[PDB]
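Novice: Quick one: structure below, then a few questions.
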Amino acid sequence: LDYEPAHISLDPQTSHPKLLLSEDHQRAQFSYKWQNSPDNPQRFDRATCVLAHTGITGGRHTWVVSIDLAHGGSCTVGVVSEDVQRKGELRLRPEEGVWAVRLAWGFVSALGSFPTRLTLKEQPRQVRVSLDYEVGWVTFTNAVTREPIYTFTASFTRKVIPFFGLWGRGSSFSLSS
């Protein structure tokens, strides 16, 4: 509970063409249109994902993702090693530097080679990500109720970057701390 609220801004260099970022870089929604997004090496081309601008190399840090799934979409939240594969079919799993949870209506899972289905007391509106770089914890909780969701144990050898994904029109997320 000594996790330091962090500023997150979504990096428009990284965002899949199917994600629309807000002017303030605090929100994203799944867009009906592929944008004519410059295909620079930092940009996801298949995974409908976006990174934060600023990575973490130490300490304890925490941020909150508010999730709105209007019509059976999904949202993915977590952290990636900064050398995560961005081009092609990415497998979201620890082995490939992804520590993330996927939320849909009636469906939450921790992503790995062997995804873990999680049944919660409530459908999370808000997911708190609490990262302890020093120990190697990625903790997910319901940011309103503090209900535990999942904890990954990780060995960080590189910078880690807050990670977000959306699938399906009417799906969106917004950031706070």
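For the structure tokens, the naming scheme is as follows: chains receive sequential letters (A, B, ...) according to their order of presentation, residues are indexed from 1 within each chain, and ligands are indexed from 1 in presentation order.
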If we count only C-alpha atoms, what is near residue 127 in chain A at a cut-off of 6 Å, once residues fewer than 6 positions away on the same chain are taken out, given as a PyMOL selection string?
Specialist: chain A and resi 64-65+141-143
Novice: Next, dump the selected residues to file, keeping only C-alpha atoms, as an mmCIF file, in the first residue's frame.
Specialist:
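Here's the written file part14.cif:
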```
data_model
loop_
_atom_site.group_PDB
_atom_site.id
_atom_site.type_symbol
_atom_site.label_atom_id
_atom_site.label_comp_id
_atom_site.auth_asym_id
_atom_site.auth_seq_id
_atom_site.Cartn_x
_atom_site.Cartn_y
_atom_site.Cartn_z
ATOM 1 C CA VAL A 64 -6.236 2.786 -12.565
ATOM 2 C CA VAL A 65 -7.934 1.831 -15.893
ATOM 3 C CA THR A 141 -7.300 -5.443 -8.157
ATOM 4 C CA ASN A 142 -10.791 -3.944 -8.485
ATOM 5 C CA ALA A 143 -9.745 -0.283 -7.839
#
```
Novice: Please identify the strand (DSSP E or B) residues within range 100-168 of chain A (assignment by DSSP from backbone atoms) and present them as a ChimeraX atom specification.
Specialist: /A:100-104,107-110,116-118,126-132,137-142,148-153,160-167
Novice: Can you tell me which residues surround residue 90 in chain A at a distance of at most 12 Å, considering only C-alpha atoms, apart from same-chain residues fewer than 2 positions away, and format the answer as a PDB file with N, CA, C and O atoms, in the first residue's frame?
Specialist:
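New file out31.pdb:
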```
ATOM      1  N   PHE A  44       2.235  -1.411 -32.853  1.00  0.00           N
ATOM      2  CA  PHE A  44       1.523  -2.706 -33.001  1.00  0.00           C
ATOM      3  C   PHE A  44       0.803  -2.717 -34.366  1.00  0.00           C
ATOM      4  O   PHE A  44       0.140  -1.729 -34.661  1.00  0.00           O
ATOM      5  N   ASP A  45       0.957  -3.790 -35.170  1.00  0.00           N
ATOM      6  CA  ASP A  45       0.283  -3.903 -36.485  1.00  0.00           C
ATOM      7  C   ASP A  45      -0.822  -4.979 -36.454  1.00  0.00           C
ATOM      8  O   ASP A  45      -1.669  -4.896 -37.261  1.00  0.00           O
ATOM      9  N   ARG A  46      -0.825  -5.898 -35.492  1.00  0.00           N
ATOM     10  CA  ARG A  46      -1.886  -6.955 -35.395  1.00  0.00           C
ATOM     11  C   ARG A  46      -2.606  -6.876 -34.048  1.00  0.00           C
ATOM     12  O   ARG A  46      -3.824  -6.795 -34.054  1.00  0.00           O
ATOM     13  N   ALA A  47      -1.860  -6.921 -32.947  1.00  0.00           N
ATOM     14  CA  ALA A  47      -2.370  -6.751 -31.576  1.00  0.00           C
ATOM     15  C   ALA A  47      -2.967  -5.342 -31.447  1.00  0.00           C
ATOM     16  O   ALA A  47      -2.262  -4.392 -31.724  1.00  0.00           O
ATOM     17  N   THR A  48      -4.255  -5.232 -31.123  1.00  0.00           N
ATOM     18  CA  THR A  48      -4.990  -3.944 -31.045  1.00  0.00           C
ATOM     19  C   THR A  48      -4.660  -3.284 -29.693  1.00  0.00           C
ATOM     20  O   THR A  48      -5.551  -3.171 -28.843  1.00  0.00           O
ATOM     21  N   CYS A  49      -3.422  -2.823 -29.555  1.00  0.00           N
ATOM     22  CA  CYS A  49      -2.764  -2.472 -28.282  1.00  0.00           C
ATOM     23  C   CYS A  49      -2.064  -1.115 -28.404  1.00  0.00           C
ATOM     24  O   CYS A  49      -1.922  -0.607 -29.505  1.00  0.00           O
ATOM     25  N   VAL A  80       4.437  -4.618 -20.174  1.00  0.00           N
ATOM     26  CA  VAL A  80       5.292  -5.381 -21.122  1.00  0.00           C
ATOM     27  C   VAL A  80       6.747  -4.974 -20.879  1.00  0.00           C
ATOM     28  O   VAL A  80       6.996  -3.823 -20.527  1.00  0.00           O
ATOM     29  N   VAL A  84       9.226  -6.123 -26.053  1.00  0.00           N
ATOM     30  CA  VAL A  84       8.071  -6.943 -26.516  1.00  0.00           C
ATOM     31  C   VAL A  84       7.976  -6.861 -28.058  1.00  0.00           C
ATOM     32  O   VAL A  84       8.213  -5.805 -28.594  1.00  0.00           O
ATOM     33  N   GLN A  85       7.653  -7.965 -28.709  1.00  0.00           N
ATOM     34  CA  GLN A  85       7.371  -8.046 -30.171  1.00  0.00           C
ATOM     35  C   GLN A  85       6.120  -7.223 -30.492  1.00  0.00           C
ATOM     36  O   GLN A  85       5.071  -7.494 -29.906  1.00  0.00           O
ATOM     37  N   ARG A  86       6.232  -6.259 -31.388  1.00  0.00           N
ATOM     38  CA  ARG A  86       5.109  -5.377 -31.778  1.00  0.00           C
ATOM     39  C   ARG A  86       4.540  -5.776 -33.132  1.00  0.00           C
ATOM     40  O   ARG A  86       3.330  -5.594 -33.310  1.00  0.00           O
ATOM     41  N   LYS A  87       5.379  -6.277 -34.047  1.00  0.00           N
ATOM     42  CA  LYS A  87       4.985  -6.669 -35.432  1.00  0.00           C
ATOM     43  C   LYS A  87       4.569  -8.144 -35.430  1.00  0.00           C
ATOM     44  O   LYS A  87       5.282  -8.957 -34.816  1.00  0.00           O
ATOM     45  N   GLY A  88       3.459  -8.469 -36.080  1.00  0.00           N
ATOM     46  CA  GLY A  88       3.019  -9.853 -36.324  1.00  0.00           C
ATOM     47  C   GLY A  88       2.146 -10.381 -35.203  1.00  0.00           C
ATOM     48  O   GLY A  88       1.756  -9.588 -34.318  1.00  0.00           O
ATOM     49  N   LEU A  92       0.402 -13.026 -25.992  1.00  0.00           N
ATOM     50  CA  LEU A  92       0.410 -12.276 -24.724  1.00  0.00           C
ATOM     51  C   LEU A  92       0.644 -13.274 -23.588  1.00  0.00           C
ATOM     52  O   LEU A  92      -0.315 -13.923 -23.159  1.00  0.00           O
ATOM     53  N   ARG A  93       1.908 -13.468 -23.209  1.00  0.00           N
ATOM     54  CA  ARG A  93       2.311 -14.391 -22.143  1.00  0.00           C
ATOM     55  C   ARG A  93       3.635 -13.951 -21.567  1.00  0.00           C
ATOM     56  O   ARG A  93       4.397 -13.222 -22.208  1.00  0.00           O
ATOM     57  N   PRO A  94       3.873 -14.292 -20.282  1.00  0.00           N
ATOM     58  CA  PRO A  94       5.100 -13.909 -19.584  1.00  0.00           C
ATOM     59  C   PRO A  94       6.373 -14.241 -20.370  1.00  0.00           C
ATOM     60  O   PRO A  94       7.205 -13.361 -20.520  1.00  0.00           O
ATOM     61  N   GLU A  95       6.456 -15.446 -20.930  1.00  0.00           N
ATOM     62  CA  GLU A  95       7.645 -15.929 -21.696  1.00  0.00           C
ATOM     63  C   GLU A  95       8.039 -14.877 -22.748  1.00  0.00           C
ATOM     64  O   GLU A  95       9.247 -14.755 -23.021  1.00  0.00           O
ATOM     65  N   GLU A  96       7.059 -14.149 -23.317  1.00  0.00           N
ATOM     66  CA  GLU A  96       7.289 -13.146 -24.404  1.00  0.00           C
ATOM     67  C   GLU A  96       7.177 -11.713 -23.839  1.00  0.00           C
ATOM     68  O   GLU A  96       6.989 -10.783 -24.626  1.00  0.00           O
ATOM     69  N   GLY A  97       7.348 -11.549 -22.524  1.00  0.00           N
ATOM     70  CA  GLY A  97       7.445 -10.234 -21.863  1.00  0.00           C
ATOM     71  C   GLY A  97       6.097  -9.529 -21.770  1.00  0.00           C
ATOM     72  O   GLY A  97       6.097  -8.293 -21.799  1.00  0.00           O
ATOM     73  N   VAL A  98       4.987 -10.278 -21.634  1.00  0.00           N
ATOM     74  CA  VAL A  98       3.631  -9.699 -21.401  1.00  0.00           C
ATOM     75  C   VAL A  98       3.057 -10.254 -20.098  1.00  0.00           C
ATOM     76  O   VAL A  98       3.033 -11.483 -19.949  1.00  0.00           O
ATOM     77  N   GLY A 112      -1.572 -16.204 -20.285  1.00  0.00           N
ATOM     78  CA  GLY A 112      -0.309 -16.960 -20.343  1.00  0.00           C
ATOM     79  C   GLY A 112      -0.440 -18.140 -21.301  1.00  0.00           C
ATOM     80  O   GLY A 112      -1.577 -18.352 -21.818  1.00  0.00           O
TER      81      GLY A 112
END
```
Novice: Find the residue from A:21, A:56, A:103, A:108 that sits nearest to residue 130 in chain A; use only C-alpha atoms when measuring.
Specialist: A:56
Novice: Could you give me, as a list in words, the residues within 6 Å of residue 60 in chain A, counting only C-alpha atoms and dropping anything in the same chain fewer than 4 positions from it?
Specialist: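 Surrounding residues, per the criterion: residues 3, 4, 131 and 132 of chain A.
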Novice: Check the smallest atom-to-atom distance from each of A:22, A:123, A:153, A:176 to residue 99 in chain A using only C-alpha atoms, then report the winner.
Specialist: A:153
Novice: Would you tabulate, counting only C-alpha atoms, all residues of range 62-167 of chain A that have an atom at most 12 Å from an atom of range 28-36 of chain A, showing the closest pair of atoms and their distance in Å to one decimal, sorted by chain then ascending number, as JSON lines?
Specialist:
```
{"residue": "A:65", "atom": "CA", "partner": "A:28", "partner_atom": "CA", "distance": 10.7}
{"residue": "A:66", "atom": "CA", "partner": "A:28", "partner_atom": "CA", "distance": 10.7}
{"residue": "A:67", "atom": "CA", "partner": "A:28", "partner_atom": "CA", "distance": 10.0}
{"residue": "A:68", "atom": "CA", "partner": "A:29", "partner_atom": "CA", "distance": 9.1}
{"residue": "A:69", "atom": "CA", "partner": "A:29", "partner_atom": "CA", "distance": 9.8}
{"residue": "A:70", "atom": "CA", "partner": "A:29", "partner_atom": "CA", "distance": 10.7}
{"residue": "A:71", "atom": "CA", "partner": "A:30", "partner_atom": "CA", "distance": 11.5}
{"residue": "A:73", "atom": "CA", "partner": "A:30", "partner_atom": "CA", "distance": 9.1}
{"residue": "A:74", "atom": "CA", "partner": "A:30", "partner_atom": "CA", "distance": 9.9}
{"residue": "A:75", "atom": "CA", "partner": "A:30", "partner_atom": "CA", "distance": 9.8}
{"residue": "A:164", "atom": "CA", "partner": "A:28", "partner_atom": "CA", "distance": 9.1}
{"residue": "A:165", "atom": "CA", "partner": "A:28", "partner_atom": "CA", "distance": 9.0}
{"residue": "A:166", "atom": "CA", "partner": "A:30", "partner_atom": "CA", "distance": 6.0}
{"residue": "A:167", "atom": "CA", "partner": "A:30", "partner_atom": "CA", "distance": 6.3}
```
Novice: For residue 116 in chain A, list every protein, DNA or RNA residue within 12 Å, evaluated using only C-alpha atoms, and leave out those in the same chain fewer than 4 positions away; present the list as a list in words.
Specialist: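 Near neighbours after the sequence-gap exclusion: residues 93, 100, 101, 102, 107, 108, 109, 110, 111, 112, 149, 150, 151 and 152 of chain A.
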Novice: Counting only C-alpha atoms, what is within 12 Å of residue 54 in chain A, bar same-chain residues fewer than 2 positions away, as a PDB file with N, CA and C atoms, in the first residue's frame?
Specialist:
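Output saved as out14.pdb:
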```pdb
ATOM      1  N   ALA A   6       1.254   6.822 -10.426  1.00  0.00           N
ATOM      2  CA  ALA A   6       2.053   7.198 -11.606  1.00  0.00           C
ATOM      3  C   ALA A   6       1.148   7.941 -12.608  1.00  0.00           C
ATOM      4  N   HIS A   7       1.694   8.954 -13.282  1.00  0.00           N
ATOM      5  CA  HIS A   7       1.151   9.535 -14.523  1.00  0.00           C
ATOM      6  C   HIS A   7       1.321   8.535 -15.675  1.00  0.00           C
ATOM      7  N   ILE A   8       0.240   8.207 -16.338  1.00  0.00           N
ATOM      8  CA  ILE A   8       0.261   7.454 -17.614  1.00  0.00           C
ATOM      9  C   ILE A   8      -0.215   8.381 -18.721  1.00  0.00           C
ATOM     10  N   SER A   9       0.536   8.465 -19.791  1.00  0.00           N
ATOM     11  CA  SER A   9       0.046   9.024 -21.069  1.00  0.00           C
ATOM     12  C   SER A   9       0.253   7.989 -22.168  1.00  0.00           C
ATOM     13  N   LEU A  10      -0.783   7.699 -22.919  1.00  0.00           N
ATOM     14  CA  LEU A  10      -0.716   6.747 -24.043  1.00  0.00           C
ATOM     15  C   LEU A  10       0.155   7.347 -25.142  1.00  0.00           C
ATOM     16  N   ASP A  11       1.094   6.557 -25.629  1.00  0.00           N
ATOM     17  CA  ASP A  11       2.068   6.940 -26.675  1.00  0.00           C
ATOM     18  C   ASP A  11       1.461   6.702 -28.074  1.00  0.00           C
ATOM     19  N   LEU A  51       0.969   1.310 -25.844  1.00  0.00           N
ATOM     20  CA  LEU A  51       1.804   1.450 -24.639  1.00  0.00           C
ATOM     21  C   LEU A  51       1.690   2.883 -24.114  1.00  0.00           C
ATOM     22  N   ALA A  52       1.953   3.049 -22.825  1.00  0.00           N
ATOM     23  CA  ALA A  52       2.293   4.322 -22.205  1.00  0.00           C
ATOM     24  C   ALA A  52       3.626   4.846 -22.775  1.00  0.00           C
ATOM     25  N   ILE A  56       9.116   1.994 -16.572  1.00  0.00           N
ATOM     26  CA  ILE A  56       9.507   1.859 -15.147  1.00  0.00           C
ATOM     27  C   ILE A  56      10.769   1.002 -15.085  1.00  0.00           C
ATOM     28  N   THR A  57      11.756   1.404 -14.288  1.00  0.00           N
ATOM     29  CA  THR A  57      13.027   0.647 -14.082  1.00  0.00           C
ATOM     30  C   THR A  57      13.276   0.417 -12.601  1.00  0.00           C
ATOM     31  N   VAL A  79       1.486  -4.899 -18.171  1.00  0.00           N
ATOM     32  CA  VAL A  79       2.809  -4.276 -18.418  1.00  0.00           C
ATOM     33  C   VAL A  79       3.540  -5.186 -19.379  1.00  0.00           C
ATOM     34  N   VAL A  80       4.437  -4.618 -20.174  1.00  0.00           N
ATOM     35  CA  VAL A  80       5.292  -5.381 -21.122  1.00  0.00           C
ATOM     36  C   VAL A  80       6.747  -4.974 -20.879  1.00  0.00           C
ATOM     37  N   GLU A  82      10.074  -3.746 -22.532  1.00  0.00           N
ATOM     38  CA  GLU A  82      10.137  -2.703 -23.588  1.00  0.00           C
ATOM     39  C   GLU A  82      10.554  -3.320 -24.928  1.00  0.00           C
ATOM     40  N   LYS A 159      13.542  -2.515 -18.736  1.00  0.00           N
ATOM     41  CA  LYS A 159      12.456  -1.555 -18.524  1.00  0.00           C
ATOM     42  C   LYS A 159      11.120  -2.224 -18.823  1.00  0.00           C
ATOM     43  N   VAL A 160      10.078  -1.900 -18.043  1.00  0.00           N
ATOM     44  CA  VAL A 160       8.683  -2.390 -18.284  1.00  0.00           C
ATOM     45  C   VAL A 160       7.776  -1.185 -18.522  1.00  0.00           C
ATOM     46  N   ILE A 161       6.804  -1.343 -19.405  1.00  0.00           N
ATOM     47  CA  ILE A 161       5.938  -0.233 -19.876  1.00  0.00           C
ATOM     48  C   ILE A 161       4.492  -0.628 -19.673  1.00  0.00           C
ATOM     49  N   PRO A 162       3.668   0.227 -19.034  1.00  0.00           N
ATOM     50  CA  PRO A 162       2.242  -0.026 -18.952  1.00  0.00           C
ATOM     51  C   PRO A 162       1.673  -0.363 -20.353  1.00  0.00           C
ATOM     52  N   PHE A 163       0.775  -1.341 -20.402  1.00  0.00           N
ATOM     53  CA  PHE A 163       0.256  -2.001 -21.622  1.00  0.00           C
ATOM     54  C   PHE A 163      -1.271  -2.031 -21.563  1.00  0.00           C
TER      55      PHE A 163
END
```
Novice: Hey, can you check how far CA of residue 1 in chain A sits from CA of residue 76 in chain A?
Specialist: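 Computing it gives 23.6 Å between the two atoms.
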Novice: For residue 106 in chain A, which residue out of A:136, A:72, A:78, A:41 is the nearest one, using only C-alpha atoms?
Specialist: A:72
Novice: Could you state the separation of CA of residue 117 in chain A and CA of residue 172 in chain A in Å, given to one decimal place?
Specialist: 21.9 Å
Novice: Could you tell me how far CA of residue 83 in chain A lies from CA of residue 43 in chain A, in Å and to one decimal?
Specialist: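 So the two atoms, CA of residue 83 in chain A and CA of residue 43 in chain A, lie 12.3 Å apart.
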